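Can you keep this structure in mind? I'll have questions shortly.
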Amino acid sequence: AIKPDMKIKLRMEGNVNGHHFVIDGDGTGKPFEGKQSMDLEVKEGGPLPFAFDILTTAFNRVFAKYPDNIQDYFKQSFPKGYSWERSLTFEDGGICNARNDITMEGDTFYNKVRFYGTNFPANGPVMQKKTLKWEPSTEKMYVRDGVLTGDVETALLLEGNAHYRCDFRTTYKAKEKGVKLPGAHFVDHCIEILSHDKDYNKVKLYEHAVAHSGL
């Protein structure tokens, strides 16, 4: 069902601290290598009055290198596809809820992303655009009450030698009942903005992910 080379199409609608936006994306990826890259364009609501870095994890764990000895819930979820819901809890009270419904049509993944942020202090690094990047992290994958859950404790690097900490919890659901849940495992991941324009209206985003058993 999943080819070595797949295309990505995206539309995100969202609101952060009452600021509405629409962002489209177009990319490609190698699902078996665990690599994806995409071109994002802000279509409505630009220039965004907050840190683009808070959105970038919302922009598909199908693009993760799974070893033979871990059940790949994401590749086995196609062709019908899967959804996730995610909460982002920042150390200064900032909260985001994001969701993605992922479908496949031929060689293309379609992504319907919704992203809601609130409670970002006006004086903080998100609304003042002081963020520099996400630090690489390990996602803890396990089952909670019959649902595949993933946790991440990570941080944004800020200007001036500081980190801004964020906890992610993500729930994953296949559309097909019957897709067996995997055992617990880890996903190492790195996400980078490769290029941007002045106000992050156009952004090239890269993500690489590798699943492992912690050895």
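Every number here is computed from the coordinates shown, using simple stated rules; none is lab data. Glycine also receives a Cβ, built like all others from the backbone with ideal geometry; neighbour counts cover every protein chain displayed.
Of the residues that make up the stretch 65-76, is at least one touching a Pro at 6+ places or on another chain (Cβ under 7 Å) and among the polar types (S, T, N, Q)?
yes
Okay, next question. Quick check on my filter: what residues within the stretch 29-85 are assigned to a strand (DSSP E or B) and farther than 30 Å from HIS19 by Cβ?
Looking only at the stretch 29-85, we keep the residues that are assigned to a strand (DSSP E or B), and these are 29-30, 35-44, 65, 82-85.
Passing the criteria: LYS30, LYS35, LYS65.
Yes or no, residue by residue, for (1) of a type in the set (A, V, I, L, M); (2) out of contact with any helix residue (DSSP H, G or I) (no Cβ under 7 Å at 6 or more places or on another chain); (3) assigned to a strand (DSSP E or B); (4) closer than 18 Å to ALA64 by Cα:
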residue	(1), (2), (3), (4)
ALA1	yes, yes, no, yes
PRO4	no, yes, no, yes
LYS7	no, yes, yes, yes
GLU13	no, yes, yes, no
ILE23	yes, yes, yes, no
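What tally of residues in the stretch 21-68 results from selecting those that are among the basic types (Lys, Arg), surrounded by fewer than 23 Cβ atoms within 10 Å (Cβ to Cβ) and under 14 Å from the mean Cα position of the chain (by Cα)? Talk me through it step by step, then tell me what you get.
Start the filter on the stretch 21-68 by keeping residues that are among the basic types (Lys, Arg), which leaves 30, 35, 43, 61, 65.
Cutting the leftovers down to surrounded by fewer than 23 Cβ atoms within 10 Å (Cβ to Cβ) gives us 30, 35, 43, 65.
This time we only want the ones that are under 14 Å from the mean Cα position of the chain (by Cα), so: 35.
Going through the stretch 21-68 one residue at a time, the tally reaches 1.
Identify, please: which residue in the stretch 85-114 is in contact with an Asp or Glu (Cβ under 9 Å, 6 or more places away or on another chain) and aliphatic (A, V, I, L, M) and is, among those, nearest to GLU176 (Cα to Cα)?
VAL113
If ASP72 passes every condition in (1) touching an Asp or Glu at 6+ places or on another chain (Cβ under 8 Å); (2) surrounded by 17 or more Cβ atoms within 10 Å (Cβ to Cβ); (3) among the acidic types (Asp, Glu) but one, which one does it miss?
For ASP72, the exception is condition (1).
If you don't mind, another one. Tell me the strands (runs of 3 or more DSSP E) entirely within the stretch 105-215 that contain at least 3 residues that are in contact with a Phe, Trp or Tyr (Cβ under 6 Å, 6 or more places away or on another chain) and of a type outside the set (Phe, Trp, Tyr).
Correct list: 147-158, 162-174, 185-196, 202-212.
For the stretch 86-104, which positions are assigned to a strand (DSSP E or B) and buried (at least 16 other Cβ atoms within 10 Å of the Cβ)? Give the steps one after another, and end with the answer.
Initial filter on the stretch 86-104 (assigned to a strand (DSSP E or B)): 86-90, 95-104.
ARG86, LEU88, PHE90, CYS96, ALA98, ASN100, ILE102, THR103, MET104 - these are the residues of the stretch 86-104 that are assigned to a strand (DSSP E or B) and buried (at least 16 other Cβ atoms within 10 Å of the Cβ).
Only one of these is touching a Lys or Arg at 6+ places or on another chain (Cβ under 6 Å) and more than 19 Å from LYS30 (Cα to Cα): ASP101, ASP107. Name it.
Among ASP101, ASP107, only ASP101 is touching a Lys or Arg at 6+ places or on another chain (Cβ under 6 Å) and more than 19 Å from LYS30 (Cα to Cα).
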